[PDB]
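Single-structure report; data block below.
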Amino acid sequence: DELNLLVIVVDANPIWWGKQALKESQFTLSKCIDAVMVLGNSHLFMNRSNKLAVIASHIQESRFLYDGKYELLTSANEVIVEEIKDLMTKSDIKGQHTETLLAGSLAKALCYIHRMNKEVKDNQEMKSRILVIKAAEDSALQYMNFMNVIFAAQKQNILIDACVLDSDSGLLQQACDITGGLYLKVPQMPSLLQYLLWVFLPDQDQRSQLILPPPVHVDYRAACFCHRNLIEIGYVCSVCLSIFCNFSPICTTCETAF
Amino acid sequence: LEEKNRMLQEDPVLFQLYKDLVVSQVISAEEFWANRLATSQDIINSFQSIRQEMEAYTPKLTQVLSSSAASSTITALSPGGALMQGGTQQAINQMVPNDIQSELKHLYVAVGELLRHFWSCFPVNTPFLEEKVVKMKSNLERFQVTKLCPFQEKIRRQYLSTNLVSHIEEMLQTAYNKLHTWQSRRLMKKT
Amino acid sequence: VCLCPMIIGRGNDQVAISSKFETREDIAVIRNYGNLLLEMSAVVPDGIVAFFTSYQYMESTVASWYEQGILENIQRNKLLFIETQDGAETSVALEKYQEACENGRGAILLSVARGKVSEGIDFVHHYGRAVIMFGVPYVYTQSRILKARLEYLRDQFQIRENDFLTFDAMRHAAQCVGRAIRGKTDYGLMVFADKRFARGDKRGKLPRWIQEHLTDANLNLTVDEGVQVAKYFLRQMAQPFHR
Amino acid sequence: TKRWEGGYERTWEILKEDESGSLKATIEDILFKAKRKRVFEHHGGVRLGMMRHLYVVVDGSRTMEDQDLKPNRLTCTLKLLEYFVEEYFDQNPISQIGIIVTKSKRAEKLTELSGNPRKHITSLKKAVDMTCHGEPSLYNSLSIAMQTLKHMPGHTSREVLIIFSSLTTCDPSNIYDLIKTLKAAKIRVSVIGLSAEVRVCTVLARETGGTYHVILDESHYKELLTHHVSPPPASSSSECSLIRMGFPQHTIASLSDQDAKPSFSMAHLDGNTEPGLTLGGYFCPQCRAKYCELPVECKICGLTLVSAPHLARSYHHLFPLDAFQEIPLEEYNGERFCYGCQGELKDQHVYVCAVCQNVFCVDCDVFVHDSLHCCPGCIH
Ligand SMILES: [Zn+2]
Ligand SMILES: [Zn+2]
Ligand SMILES: [Zn+2]
Ligand SMILES: [Zn+2]
Ligand SMILES: [Zn+2]
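Chains as they are written, first to last, in full-length UniProt numbering: chain A, 6 to 71, 98 to 289; chain B, 111 to 147, 395 to 548; chain C, 488 to 730; chain D, 8 to 387.
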């Protein structure tokens, strides 16, 4: 009767993976996809009632990615491979946009979790958690949407786990801190799957039983309204609580509201 | 005089602070009482390269993980590892004995009071406050020389691994940098 | 219900507090009268009006309270104001009483039922929220004037001597106690510190607009029971309503 | 006439059959009528707010010993005050709370005006075991509150809450002059009595612009406190009110790195027990002072430390999401898959955003308009 839903958000930003491939490093996007598929198969093998969802983010949008081995796992892997191949082959750079649309993927994941919750029988509770792997740099332009997503996830009690590969993201740290999730930075990319099989694999009840690394130093720098950049000290309005980097005779937001 | 003596006797911490700040000539008594009162087309080339590389992609099983990598990850995730540092101030409650801890708390209180006076003076909008900030800086330097240097010597003699002095040094350096920046801006405004 | 009339019989010591002529000098009854006013002064705020049978009984009442360590307890709760025969002294006493009830200090107005101040002023809302009758006010039978009227009505209009005295006693008692309700929004508390009021022959002498609100449940309840009724009534009468 | 004296209502007449089995389809509409029962707004009231400096006056006379509320008035009052402080700090990010206790015809400032909830809760818990003596003095408490709030900036809303248990107050001077002074000073005063209505409190509430209430039961007391929790509405633009406040990042320390810098929290120094010299915590952006609780104004430089998520949580009120247009499925020409949950659109109505022109089902529309507060399509 214990229903566990795992949603894996994969940062498939073409620029970062292209740079990694040009670096000729030991880790590639193919290995990351294989590790994600193995983690999903392990999660499904943990319990029959467990459900899996995979969403891949891109500059364009978010795509729902979902012979000796399990038949259902074979079909799931084939579907994931077909979806990722379709997304990558049809991915055409049309515009100057480069930041990953991480907020949209999280919103779609929350919508999918909400949809699945209603279909769940009343006698069972569907415990849901979201795992995010970060490859490219964080986007500061989507601060408000990211915070809204964090608050929505906290309202429904949905864990958010962050697995940073190269560049640490403050937004992911804040999400993990607020939602109670786990934030972890990968020291060695080729060993990534092992971490996925050691830290994020157990459920929240199982995490209490086991011993986990302490949370990293979470930052709480805000984003200025007129700059959309991280700041430490700024001017905050006393009415709409808007944050400004520099003093202004009149609040722009308050002037907007009539 | 009698009122000052009574006030000092009432609070032993205040008496100790007055002894450390006035008897050691760190600050004058008058000031103490007054205070009390992107790139080129290389990105597109990389995008095309990764698109072509992942266009012909096949799943792998053996290449995903290796025994050495798994063992290294387990060792790192084992207690006492890099990600599982088990020290985390193991005996901080018993390290740096409370006799030193009381002195550290007194120094923290003194630094907090002096920096509170400094930040209350800031910003300097009148010529009167210009000399007061200089006096506060001189008092801070005298307090540092009088207390922190013997404190650092005592720590070195007892060989404490805790970086207790680091926080005080950071606060003093931040205050000095802020004062230097404000003085430079004041000089620039006169140019 | 803008009024909560009730009749208090025996006190907390299960002793009647009737203002009988033979029991005026009794120490047991006079203690209960002060005891009744003690907790009453702390439940109804900003104005209590108390009427006594006569000045002679009034001056002896406060003297007993002053002699004991009881009157001082009332002083710290509310200011004690005594109405005298002098008009000028009464006016200033009323003047300070009005401002005392205006703020939160509170005051107690002590007077006589058959006095010029009983009907000369009207206790509008927020003034005199509680009216206390210390015994049935009976006119003095001396001076050989009332008895002459009683004899004339006896053989001419066949008027019962006891009934006329009861009629006169209740008329003045009901007239003064009825001055605490002036206006639809006005409300007040009405008490009777005498077991003689509880008898049917005197309850029927109350006006019909007070009879229906005088429930038979509270006709002989003690001082402590009367306080609880007063607390419950005043607590629920402060809520907002509609016109 | 009377509404029920006419014809009897037949509610079952609504259902009809034309093809002998169409009734099911009708109940489907009932299912569609089951949802969308809200106004798509969790509050639907005041969409803005303003900083409040609220002072709570607590009676300490013998009347608090009365057993109207179990066990006594003082204990229930302090418990409900703790609940009120918690809720008020939850719903007000940059508000301040002061506590004044009146006893023996005097007023004592029990707790300083600050935004720390734990300090106020600890002070109230300590005051639980106090001694009730003397009589209250509203004049002294009001004078202290006015003296404290006179120097506060005008843009801040100055509010005073008085819990008056005893029905008598001793004023060393005239109180109506103080009421006029408070009215001239633009201060809000609210009184919640316990025993009965008091004329002076009603006059004070009427002239000062506040509200006066009388407690019926503990539930009514809690309802009154919850009503007082809600911030008063504010104008669109009042003045140039801005405050410089810091955002202390929670930078912990580890022995693995070379930046393991233990420090003592400023708040914990005044504690009787040994202050917690943990690995790290919240460091002031201005003077690097260490604190363990937020929101706490910095003791050294006077800077205000506020948590960014707390401020950001109220941003959805500033920019509410416009309701999507209800379009029937037949009249819509496009994909029949939801943009949010990727589910097939089989409902009688499909909601389309007016900006990104995406399609969302009923469940996704409700989730966006109630919890997400942002359109997923507009994000891209
Ligand atoms: Zn700005
Ligand atoms: Zn504003
Ligand atoms: Zn600071
Ligand atoms: Zn949907
Ligand atoms: Zn939209």
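Virtual Cβ for every residue (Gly too), placed ideally from N, Cα, C.
beta-carbon residue i near ligand 2 non-hydrogen atom, thresh 7 Å
i               : result
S134 of chain B : no
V270 of chain A : yes
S180 of chain D : no
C247 of chain D : no
Where residue i falls: helix, strand or coil (DSSP)
i               : result
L517 of chain B : coil
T280 of chain D : coil
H127 of chain D : helix
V221 of chain D : strand
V64 of chain D  : strand
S164 of chain D : strand
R59 of chain D  : strand
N260 of chain A : coil
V549 of chain C : helix
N9 of chain A   : strand
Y289 of chain D : strand
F39 of chain D  : helix
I144 of chain A : helix
Beta-carbon gap between residue i and residue j smaller than 8 Å
i               : j               : result
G217 of chain D : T155 of chain D : no
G556 of chain C : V618 of chain C : no
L11 of chain A  : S54 of chain A  : no
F278 of chain A : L249 of chain D : yes
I517 of chain C : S528 of chain C : no
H60 of chain D  : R206 of chain D : no
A587 of chain C : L566 of chain C : yes
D208 of chain A : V249 of chain A : yes
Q726 of chain C : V221 of chain D : yes
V623 of chain C : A656 of chain C : yes
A134 of chain A : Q185 of chain A : no
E29 of chain A  : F254 of chain D : no
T210 of chain A : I164 of chain A : no
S62 of chain A  : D16 of chain A  : yes
Residue i versus the options, residue with shortest Cα-Cα distance
i               : options                           : result
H235 of chain D : D:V63, D:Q74, D:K31 and D:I34     : D:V63
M157 of chain A : A:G99, A:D234 and A:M119          : A:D234
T129 of chain A : B:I401, B:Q135, B:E526 and B:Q515 : B:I401
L196 of chain A : A:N188, A:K186, A:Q219 and A:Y174 : A:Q219
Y289 of chain D : D:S270, D:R45 and D:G347          : D:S270
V135 of chain D : D:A361, D:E72 and D:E26           : D:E72
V46 of chain D  : D:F96, D:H140 and D:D329          : D:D329
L261 of chain A : A:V59, A:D236, A:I242 and A:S170  : A:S170
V599 of chain C : C:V710, C:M620, C:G521 and C:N590 : C:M620
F679 of chain C : C:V488, C:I494 and C:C489         : C:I494
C345 of chain D : A:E66, A:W22 and A:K139           : A:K139
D377 of chain D : D:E20, D:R43, D:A212 and D:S243   : D:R43
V716 of chain C : C:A685, C:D688 and C:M677         : C:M677
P302 of chain D : D:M252, D:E338, D:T280 and D:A267 : D:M252
CB-CB length for residue i against residue j, believed under 8 Å
i                      : j               : result
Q25 of chain A         : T430 of chain B : Not quite, the Cβ-Cβ distance comes to about 20 Å (not below 8 Å), so this is no contact.
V466 of chain B        : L521 of chain B : Between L521 of chain B and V466 of chain B the Cβ distance is about 14 Å, and since that is not below 8 Å, they are no contact.
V530 of chain C        : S202 of chain D : 7 Å
residue 815 of chain C : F610 of chain C : Residue 815 of chain C lies beyond the residue range present for chain C, which begins at 488 and ends at 730; the question has no answer from this structure.
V626 of chain C        : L637 of chain C : Rounded, the Cβ-Cβ distance is 11 Å, inconsistent with contact.
Ligand 6 heavy atom lying under 7 Å from the CB of residue i
i               : result
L310 of chain D : For ligand 6, the structure offers nothing, since it holds only ligand 1, ligand 2, ligand 3, ligand 4 and ligand 5.
Near ligand 5: residue i beta-carbon under 7 Å from a heavy atom
i               : result
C255 of chain A : no
Any non-hydrogen atom of ligand 4 closer than 7 Å to residue i Cβ
i               : result
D264 of chain D : no
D370 of chain D : yes
Contact test: residue i Cβ vs ligand 1 heavy atom, cutoff 7 Å
i               : result
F254 of chain D : no
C37 of chain A  : no
Residue i Cβ short of 7 Å to ligand 3 heavy atom set
i               : result
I170 of chain D : no
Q293 of chain D : yes
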